[PDB]
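Novice: Mind having a look at this structure? Questions to follow.
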Amino acid sequence: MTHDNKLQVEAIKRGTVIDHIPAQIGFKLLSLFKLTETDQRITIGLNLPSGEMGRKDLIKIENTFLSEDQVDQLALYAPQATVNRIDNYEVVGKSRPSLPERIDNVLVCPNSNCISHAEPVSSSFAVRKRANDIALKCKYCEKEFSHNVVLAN
Amino acid sequence: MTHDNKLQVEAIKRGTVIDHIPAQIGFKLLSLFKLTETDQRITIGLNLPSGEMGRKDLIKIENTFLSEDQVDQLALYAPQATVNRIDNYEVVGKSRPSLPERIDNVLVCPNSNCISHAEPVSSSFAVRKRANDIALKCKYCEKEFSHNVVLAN
Amino acid sequence: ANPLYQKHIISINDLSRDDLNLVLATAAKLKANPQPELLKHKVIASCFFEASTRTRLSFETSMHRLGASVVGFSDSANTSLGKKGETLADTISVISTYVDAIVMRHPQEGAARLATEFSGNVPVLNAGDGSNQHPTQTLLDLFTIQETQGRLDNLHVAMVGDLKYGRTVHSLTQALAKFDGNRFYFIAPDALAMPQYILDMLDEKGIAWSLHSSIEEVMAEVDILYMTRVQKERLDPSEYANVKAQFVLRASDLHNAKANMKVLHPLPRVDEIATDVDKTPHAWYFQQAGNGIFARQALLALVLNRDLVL
Amino acid sequence: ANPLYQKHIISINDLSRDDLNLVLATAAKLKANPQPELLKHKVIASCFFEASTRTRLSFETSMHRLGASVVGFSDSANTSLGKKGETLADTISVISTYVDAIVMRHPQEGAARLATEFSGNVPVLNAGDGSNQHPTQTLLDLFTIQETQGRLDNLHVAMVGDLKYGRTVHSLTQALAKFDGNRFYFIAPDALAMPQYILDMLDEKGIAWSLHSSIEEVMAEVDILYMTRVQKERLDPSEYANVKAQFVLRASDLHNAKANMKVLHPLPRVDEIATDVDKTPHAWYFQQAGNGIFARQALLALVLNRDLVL
Amino acid sequence: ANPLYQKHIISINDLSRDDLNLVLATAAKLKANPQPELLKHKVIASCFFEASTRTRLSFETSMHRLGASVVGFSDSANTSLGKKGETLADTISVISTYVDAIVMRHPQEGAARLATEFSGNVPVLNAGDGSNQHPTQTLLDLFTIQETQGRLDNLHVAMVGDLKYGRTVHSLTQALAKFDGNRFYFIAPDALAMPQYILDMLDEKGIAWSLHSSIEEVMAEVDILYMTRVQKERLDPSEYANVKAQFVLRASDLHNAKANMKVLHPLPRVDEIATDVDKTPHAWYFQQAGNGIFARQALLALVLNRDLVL
Ligand SMILES: NC(=O)C[C@H](NC(=O)CP(=O)(O)O)C(=O)O
Ligand SMILES: NC(=O)C[C@H](NC(=O)CP(=O)(O)O)C(=O)O
Ligand SMILES: NC(=O)C[C@H](NC(=O)CP(=O)(O)O)C(=O)O
Ligand SMILES: [Zn+2]
Ligand SMILES: [Zn+2]
């Protein structure tokens, strides 16, 4: 078991620690992940120094663990982020978000004429790393978009 | 100065610390008053014990100072909270939020036929202690509603 | 400089018993000794974004009675706000650079308040904003209640009809509550009840008020019977049950009416007041409408002219 | 059971060259050997929420030629989804308890796919969903090309008009790209260019395609000249500069055309194809439309019959 | 008799540098020493067949400021030309027998010119005819440019927005081209470009002008930034792509702006000018609107009064 590396050090017994989250994104995760909904000890660091990574955000939730698809959803929101499963203090499961094949529910098809809007169905797109950015195709209208344009709910 | 549970964090040089925030309120405060919208370091503690209270939240903003009025703005959510002005790592001033006489910009009048919705003006309500909780009267349409229902944009 | 010189007249809530009396006193003075050139060289905008017969016509007639000129519109459909998508704010910012005062009626609540924030030194007079306030109505109303009762205090007053949306009663109630010992009777469908902010205001002043289901139930002890029109244009489809007049005063309902008793109505009336009431000695809504001339000349004289009229 | 038995027909992108060929081989047989009682005792639902002439009528006729019954609507205005506010989902949920298959055309993209999620064991056939897919269009287009050319490989195909909102070329391009050595020529206004997800598909397959702003540029090498109508009903106002057909085919533009070339058009045509083209040996849109009967008979039989042997 | 006495004011093309200066000089004189009875006994028609807030209201306010009476309409819908099918010519022939001058705004280009041919000795003042000319706008504009720049020559001026349909820029450009060494920058979508007859006119005068894609690209060297509204009501469906404001001046775009630099807009503005620009020291479109009072009083004084004001 260790303490930390950067200036401010922390320590939790069991839970998840999302580190290396890009600036101005951490708070976005608290929202669209309803992480704040829990009643477990939570710790957030916004605009913390990452050394050569400029600044980062960092979240800590006591006795809580994220669904793979949130790291799968994390792949589109913070690919450089690092989700660490912590137990009896200090890691035991340090993973890195992998680009998925598909995303469900959380996304909204930018195509305004997509039946997915008007009707009671859960969204679903297919993830495909293209030139340099990510592209995702709708399960319904079959249109493909830059994950940059889709991230506008 | 701070708390102990294996030498805890939260130790800034200059800025403001919102201590004794009701549980489940610190997230909304960060949402309402758009506090994360800044490059200044921010450390947040959610769901931590206090004894005086069951559990409480804590928000610490760096190089950021709140006016006596900005402090009162919290009276509607964290009435029994304390705002410590920190400079040189030392708390140079402590204040308690007082019921403000008006809430601006933040909320949105529930009256659909109010002119505040259509036009280029900031929302505004007079804060009335309608014994039984807060009553809000819109500067524009002049109709008053209970704090509980006057949503925020 | 008289108390009201260059002041906005947006809500009775901002006026004190003193201001109201100042307007009525001036009104009486002007009615007795008209001052045809008092406001000569003045140009006033008459901007009605919503329908109106007495409020716009009487306001304009008053302006001419005092020697002022008028510019404006009775419908926003042909303004730039109507065909070019201009904000109300921008509309006010430009008009306030042309006229000496702006009289405006608008479909939204708070539009008059809004305009004062973009009109610079040009005063704004509220001819009615949505279902909120109707200041100059309350003034002519007060002028009328005094003219017939001889006082504005210690009166029993019943307000009938749509009290939720009637900007008329909203302002009038608050205006009378600033006077001593008036009793209030509210007769309205449960859906169009007098708003909470008015009741609370009364409670706070120790003013006595009660709710009733029938007119006659209080006919024997009312000094002023204020009838109002159901504001169809403001109702929401889920209130369309109350569109039809629920309380219809008829000539045969005034049998046990106090001699002094008078029927008032801001107008227009649909069927809430049968026409057989028109010739009874209690009907006074037309006299009331005409008094709107003395009250509106009074306010204008006080807002645009510095010295207190003699 | 044949590979298509009980399968949904939503998008070409879900079918293989073998499936396409199966449909085409059956169509060829049914056209030469009619099976009037192949779908006896079957009831198919024809549901159009969007205008149609060829697709619907050919589909319905195909059902009768096979001996099935048809039930449905060519307009949703009188369904409960039109008057009572019912979801498309629920509409599909109940109709799927009555019929053996559902043929549907809808204004929004993805309606055919969403339907399959509510039809249980009832196959859904996509007669066109928004500007996305038009599978049966492609099936008949392919049947026509194969008949006039004798091959679906190494062809020189030009698609003209509105390639963006054209569900017809979206499905056709994807289909022909399942074959070998086809070269594509795209002639369309900048604002209505062939979508990028089709081009990326062409690149991934290593197929040749190129943009041209003139028909005359490709007239000499094309085996199939597929003209299309500007999808006026789908254009966003910011694209109303494109409503009028940019490329208009006249009989005089066919001088350099290969003798075997055929001009195809999903139809209807507005002004993109002058009537003087109808008399030339190249005009083939009407014979094409007729092939819709054989193509759709084929699909309906393959999806509703476990085994077909003729 | 001053140069403009009893003259039609239809197009800046018919006005010389001298006339423009005469109007502005008079404007300055009247602003300093108002003449309340100068036009007493005059009756002027205010005939707006199209929407307007500042042009009609300021024009009328000016008329009253000088002691004249006004008659007219702000909407042709209730005129005989509106409900009985009367020609514009016949409309003018009768009105010219009642008034001393006719101010009119019309949806068609050349209507003002038309009216001068049926108005006999009664002068016609163009409050704007379609997307052609807007003479009195250019006048107030010039009054404003001088008030803030101190001169009307040797200025760098950028005109942004819809230049094809803006009658505002059409007149203003020609007006400034009559002055020495003004530089012109036109920033507009390619579809709403400044018309050829204006460019040719400039070329002929040796006036320097250039086209640009971004505002800031010339922000450092402009003395007057003239923003304009996209004339939605004049566009043809094939131009509906340009409906949305393409160039949106924001408070943060004025960082490297010349100190003297001023933002002007004939108004109304949609979103081409963020409201955060309103309080910067560069915003002057509201001051500009108010100057429309001094410029319109000036023109009226020159057209209806024989002697040159002192
Ligand atoms: N309209 C009414 O029923 C009451 C009141 N009426 C008036 O002011 C008379 P008008 O509509 O100006 O002719 C109002 O506008 O609120
Ligand atoms: N409408 C077209 O231009 C192409 C294609 N047309 C058809 O299917 C012919 P129909 O509208 O069924 O008569 C379509 O609907 O997508
Ligand atoms: N309307 C505009 O965008 C420019 C110019 N605007 C005006 O003259 C002001 P208004 O339409 O009379 O209020 C015009 O009418 O051409
Ligand atoms: Zn979609
Ligand atoms: Zn309000």
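Residues in the structure tokens are named by chain (A, B, ... in the order shown) and by number from 1 within that chain; ligands are numbered from 1 in the order shown.
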Using DSSP on the backbone coordinates, identify the residues of stretch 86-263 of chain E assigned to strand (DSSP E); present them as a PyMOL selection string.

Specialist: chain E and resi 101-106+124-129+156-160+183-187+208-211+224-227+262-263

Novice: Could you write out the selected residues, including C-alpha atoms, as a tab-separated table (two decimals), in the first residue's frame?

Specialist:
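Now in result_38.tsv:
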```tsv
chain	number	residue	atom	x	y	z
E	101	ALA	CA	-47.08	65.80	-48.60
E	102	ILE	CA	-47.10	62.01	-48.74
E	103	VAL	CA	-44.67	59.81	-46.84
E	104	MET	CA	-44.95	56.19	-47.94
E	105	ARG	CA	-43.35	52.80	-47.50
E	106	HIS	CA	-44.28	50.02	-49.88
E	124	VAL	CA	-43.74	62.16	-52.14
E	125	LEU	CA	-41.12	61.09	-49.57
E	126	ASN	CA	-39.86	57.50	-49.79
E	127	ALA	CA	-39.92	55.68	-46.46
E	128	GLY	CA	-38.61	52.67	-48.36
E	129	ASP	CA	-39.70	50.90	-51.52
E	156	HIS	CA	-13.17	53.37	-43.97
E	157	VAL	CA	-16.61	51.79	-43.97
E	158	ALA	CA	-17.65	48.15	-43.80
E	159	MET	CA	-21.19	47.11	-44.67
E	160	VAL	CA	-22.14	43.68	-43.28
E	183	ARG	CA	-13.09	53.10	-48.57
E	184	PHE	CA	-15.71	50.33	-48.76
E	185	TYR	CA	-15.60	46.80	-47.31
E	186	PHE	CA	-18.47	44.46	-48.14
E	187	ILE	CA	-18.95	41.40	-45.94
E	208	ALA	CA	-11.96	51.69	-53.59
E	209	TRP	CA	-13.92	48.63	-52.44
E	210	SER	CA	-13.07	45.04	-51.47
E	211	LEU	CA	-14.90	41.84	-50.49
E	224	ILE	CA	-17.94	52.66	-39.29
E	225	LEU	CA	-19.21	49.10	-39.01
E	226	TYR	CA	-22.67	49.07	-40.61
E	227	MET	CA	-24.49	45.87	-39.64
E	262	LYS	CA	-18.80	52.94	-34.05
E	263	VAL	CA	-21.36	50.21	-34.65
```

Novice: I need the contact residues of chain C against chain E, so if you could list those with any atom within 8 Å, counting only C-alpha atoms, and return them as a PDB file with N, CA, C and O atoms, in the first residue's frame, that would help.

Specialist:
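Dumped everything to result-v4.pdb:
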```pdb
ATOM      1  N   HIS C  41     -46.525  70.684 -26.815  1.00  0.00           N
ATOM      2  CA  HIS C  41     -45.125  70.404 -27.164  1.00  0.00           C
ATOM      3  C   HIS C  41     -44.683  69.043 -26.671  1.00  0.00           C
ATOM      4  O   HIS C  41     -43.497  68.719 -26.685  1.00  0.00           O
ATOM      5  N   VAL C  43     -45.063  64.828 -26.993  1.00  0.00           N
ATOM      6  CA  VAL C  43     -45.460  63.792 -27.934  1.00  0.00           C
ATOM      7  C   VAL C  43     -45.444  62.524 -27.105  1.00  0.00           C
ATOM      8  O   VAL C  43     -44.448  62.218 -26.463  1.00  0.00           O
ATOM      9  N   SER C  69     -49.491  65.641 -28.478  1.00  0.00           N
ATOM     10  CA  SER C  69     -49.649  64.932 -29.737  1.00  0.00           C
ATOM     11  C   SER C  69     -49.508  63.462 -29.427  1.00  0.00           C
ATOM     12  O   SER C  69     -48.957  63.095 -28.386  1.00  0.00           O
ATOM     13  N   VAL C  71     -48.592  59.389 -30.985  1.00  0.00           N
ATOM     14  CA  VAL C  71     -48.082  58.495 -32.015  1.00  0.00           C
ATOM     15  C   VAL C  71     -48.138  57.098 -31.438  1.00  0.00           C
ATOM     16  O   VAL C  71     -48.112  56.929 -30.224  1.00  0.00           O
ATOM     17  N   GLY C  72     -48.221  56.088 -32.292  1.00  0.00           N
ATOM     18  CA  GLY C  72     -48.292  54.738 -31.770  1.00  0.00           C
ATOM     19  C   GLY C  72     -49.017  53.757 -32.659  1.00  0.00           C
ATOM     20  O   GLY C  72     -49.158  53.959 -33.856  1.00  0.00           O
ATOM     21  N   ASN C  78     -48.225  45.118 -37.433  1.00  0.00           N
ATOM     22  CA  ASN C  78     -47.496  45.819 -38.473  1.00  0.00           C
ATOM     23  C   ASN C  78     -46.255  46.571 -37.981  1.00  0.00           C
ATOM     24  O   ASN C  78     -45.677  47.358 -38.719  1.00  0.00           O
ATOM     25  N   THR C  79     -45.835  46.313 -36.744  1.00  0.00           N
ATOM     26  CA  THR C  79     -44.622  46.942 -36.213  1.00  0.00           C
ATOM     27  C   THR C  79     -43.467  46.046 -36.643  1.00  0.00           C
ATOM     28  O   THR C  79     -43.685  44.995 -37.235  1.00  0.00           O
ATOM     29  N   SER C  80     -42.238  46.446 -36.351  1.00  0.00           N
ATOM     30  CA  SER C  80     -41.096  45.625 -36.721  1.00  0.00           C
ATOM     31  C   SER C  80     -40.984  44.453 -35.759  1.00  0.00           C
ATOM     32  O   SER C  80     -40.331  43.458 -36.059  1.00  0.00           O
ATOM     33  N   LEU C  81     -41.623  44.573 -34.600  1.00  0.00           N
ATOM     34  CA  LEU C  81     -41.611  43.498 -33.622  1.00  0.00           C
ATOM     35  C   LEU C  81     -42.596  42.456 -34.129  1.00  0.00           C
ATOM     36  O   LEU C  81     -42.512  41.280 -33.783  1.00  0.00           O
ATOM     37  N   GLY C  82     -43.518  42.904 -34.977  1.00  0.00           N
ATOM     38  CA  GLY C  82     -44.523  42.016 -35.523  1.00  0.00           C
ATOM     39  C   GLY C  82     -44.153  41.276 -36.794  1.00  0.00           C
ATOM     40  O   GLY C  82     -44.565  40.134 -36.970  1.00  0.00           O
ATOM     41  N   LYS C  83     -43.375  41.904 -37.674  1.00  0.00           N
ATOM     42  CA  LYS C  83     -42.995  41.273 -38.942  1.00  0.00           C
ATOM     43  C   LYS C  83     -41.497  41.047 -39.162  1.00  0.00           C
ATOM     44  O   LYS C  83     -41.099  40.432 -40.154  1.00  0.00           O
ATOM     45  N   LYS C  84     -40.661  41.532 -38.252  1.00  0.00           N
ATOM     46  CA  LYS C  84     -39.224  41.358 -38.414  1.00  0.00           C
ATOM     47  C   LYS C  84     -38.573  40.653 -37.225  1.00  0.00           C
ATOM     48  O   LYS C  84     -37.354  40.481 -37.185  1.00  0.00           O
ATOM     49  N   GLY C  85     -39.397  40.245 -36.263  1.00  0.00           N
ATOM     50  CA  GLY C  85     -38.902  39.536 -35.093  1.00  0.00           C
ATOM     51  C   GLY C  85     -38.121  40.347 -34.075  1.00  0.00           C
ATOM     52  O   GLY C  85     -37.232  39.819 -33.406  1.00  0.00           O
ATOM     53  N   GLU C  86     -38.458  41.625 -33.937  1.00  0.00           N
ATOM     54  CA  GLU C  86     -37.758  42.494 -33.001  1.00  0.00           C
ATOM     55  C   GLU C  86     -38.181  42.288 -31.543  1.00  0.00           C
ATOM     56  O   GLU C  86     -39.366  42.112 -31.245  1.00  0.00           O
ATOM     57  N   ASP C  90     -35.734  46.107 -27.653  1.00  0.00           N
ATOM     58  CA  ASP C  90     -35.251  46.957 -28.729  1.00  0.00           C
ATOM     59  C   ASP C  90     -36.343  47.924 -29.165  1.00  0.00           C
ATOM     60  O   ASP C  90     -36.059  49.084 -29.470  1.00  0.00           O
ATOM     61  N   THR C  91     -37.592  47.454 -29.180  1.00  0.00           N
ATOM     62  CA  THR C  91     -38.711  48.306 -29.568  1.00  0.00           C
ATOM     63  C   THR C  91     -38.795  49.511 -28.636  1.00  0.00           C
ATOM     64  O   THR C  91     -39.001  50.644 -29.078  1.00  0.00           O
ATOM     65  N   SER C  93     -36.333  50.711 -26.663  1.00  0.00           N
ATOM     66  CA  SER C  93     -35.128  51.527 -26.714  1.00  0.00           C
ATOM     67  C   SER C  93     -35.198  52.595 -27.796  1.00  0.00           C
ATOM     68  O   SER C  93     -34.682  53.698 -27.601  1.00  0.00           O
ATOM     69  N   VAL C  94     -35.831  52.283 -28.928  1.00  0.00           N
ATOM     70  CA  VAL C  94     -35.925  53.268 -30.004  1.00  0.00           C
ATOM     71  C   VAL C  94     -37.068  54.251 -29.787  1.00  0.00           C
ATOM     72  O   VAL C  94     -36.919  55.446 -30.034  1.00  0.00           O
ATOM     73  N   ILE C  95     -38.206  53.758 -29.318  1.00  0.00           N
ATOM     74  CA  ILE C  95     -39.340  54.640 -29.104  1.00  0.00           C
ATOM     75  C   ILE C  95     -39.066  55.643 -27.995  1.00  0.00           C
ATOM     76  O   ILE C  95     -39.538  56.783 -28.040  1.00  0.00           O
ATOM     77  N   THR C  97     -36.555  57.223 -27.572  1.00  0.00           N
ATOM     78  CA  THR C  97     -35.698  58.294 -28.089  1.00  0.00           C
ATOM     79  C   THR C  97     -36.531  59.313 -28.880  1.00  0.00           C
ATOM     80  O   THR C  97     -36.002  60.334 -29.342  1.00  0.00           O
ATOM     81  N   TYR C  98     -37.828  59.025 -29.035  1.00  0.00           N
ATOM     82  CA  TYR C  98     -38.724  59.910 -29.775  1.00  0.00           C
ATOM     83  C   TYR C  98     -39.762  60.623 -28.921  1.00  0.00           C
ATOM     84  O   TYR C  98     -40.043  61.804 -29.136  1.00  0.00           O
ATOM     85  N   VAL C  99     -40.353  59.902 -27.974  1.00  0.00           N
ATOM     86  CA  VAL C  99     -41.424  60.471 -27.163  1.00  0.00           C
ATOM     87  C   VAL C  99     -41.076  60.909 -25.753  1.00  0.00           C
ATOM     88  O   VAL C  99     -40.012  60.587 -25.235  1.00  0.00           O
TER      89      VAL C  99
END
```

Novice: List the neighbours of stretch 45-57 of chain B out to 8 Å using only C-alpha atoms; skip same-chain residues closer than 5 positions along the sequence, and give me the result as number ranges by chain.

Specialist: A: 36, 39-44; B: 19-26

Novice: Produce a file of the selected residues containing N, CA and C atoms, as an mmCIF file, in the first residue's frame.

Specialist:
```
data_model
loop_
_atom_site.group_PDB
_atom_site.id
_atom_site.type_symbol
_atom_site.label_atom_id
_atom_site.label_comp_id
_atom_site.auth_asym_id
_atom_site.auth_seq_id
_atom_site.Cartn_x
_atom_site.Cartn_y
_atom_site.Cartn_z
ATOM 1 N N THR A 36 -23.112 11.331 -7.985
ATOM 2 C CA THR A 36 -23.439 12.111 -6.800
ATOM 3 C C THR A 36 -24.685 11.589 -6.081
ATOM 4 N N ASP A 39 -24.648 7.761 -1.515
ATOM 5 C CA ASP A 39 -24.464 8.365 -0.209
ATOM 6 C C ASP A 39 -23.172 7.887 0.436
ATOM 7 N N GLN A 40 -22.244 7.472 -0.423
ATOM 8 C CA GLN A 40 -20.924 6.995 -0.020
ATOM 9 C C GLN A 40 -19.917 8.146 -0.087
ATOM 10 N N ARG A 41 -18.943 8.148 0.822
ATOM 11 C CA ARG A 41 -17.923 9.199 0.861
ATOM 12 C C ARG A 41 -17.346 9.452 -0.538
ATOM 13 N N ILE A 42 -17.502 10.678 -1.032
ATOM 14 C CA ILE A 42 -16.992 11.028 -2.352
ATOM 15 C C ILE A 42 -16.017 12.185 -2.275
ATOM 16 N N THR A 43 -14.999 12.131 -3.122
ATOM 17 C CA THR A 43 -13.987 13.166 -3.153
ATOM 18 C C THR A 43 -13.670 13.572 -4.576
ATOM 19 N N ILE A 44 -13.735 14.870 -4.839
ATOM 20 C CA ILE A 44 -13.471 15.374 -6.173
ATOM 21 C C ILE A 44 -12.355 16.408 -6.192
ATOM 22 N N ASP B 19 -18.222 25.262 4.291
ATOM 23 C CA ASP B 19 -18.325 24.176 5.257
ATOM 24 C C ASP B 19 -19.733 24.046 5.836
ATOM 25 N N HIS B 20 -20.081 22.822 6.229
ATOM 26 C CA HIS B 20 -21.381 22.507 6.816
ATOM 27 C C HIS B 20 -22.544 22.621 5.834
ATOM 28 N N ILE B 21 -22.329 22.151 4.610
ATOM 29 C CA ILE B 21 -23.371 22.171 3.596
ATOM 30 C C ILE B 21 -24.209 20.918 3.826
ATOM 31 N N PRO B 22 -25.545 21.039 3.766
ATOM 32 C CA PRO B 22 -26.405 19.869 3.974
ATOM 33 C C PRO B 22 -26.059 18.748 3.004
ATOM 34 N N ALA B 23 -26.285 17.513 3.426
ATOM 35 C CA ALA B 23 -26.000 16.369 2.579
ATOM 36 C C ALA B 23 -26.858 16.466 1.327
ATOM 37 N N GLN B 24 -26.288 16.061 0.196
ATOM 38 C CA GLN B 24 -26.990 16.069 -1.083
ATOM 39 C C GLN B 24 -27.164 17.456 -1.712
ATOM 40 N N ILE B 25 -26.633 18.484 -1.054
ATOM 41 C CA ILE B 25 -26.757 19.853 -1.544
ATOM 42 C C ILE B 25 -25.530 20.391 -2.276
ATOM 43 N N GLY B 26 -24.357 19.919 -1.883
ATOM 44 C CA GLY B 26 -23.130 20.380 -2.503
ATOM 45 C C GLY B 26 -23.053 20.197 -4.007
#
```

Novice: For chain A fitted to chain B over all Cα atoms in order, what RMSD does a least-squares superposition give?

Specialist: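 The root-mean-square deviation of C-alpha positions is 2.3 Å.
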
Novice: Identify, counting only C-alpha atoms and all ligand atoms, the protein, DNA and RNA residues located within 7 Å of ligand 5, and give them as a list in words.

Specialist: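 Based on only C-alpha atoms and all ligand atoms, ligand 5 is surrounded within 7 Å by residues 109, 110, 111, 114, 115, 116, 138, 139, 140, 141, 142 and 143 of chain B.
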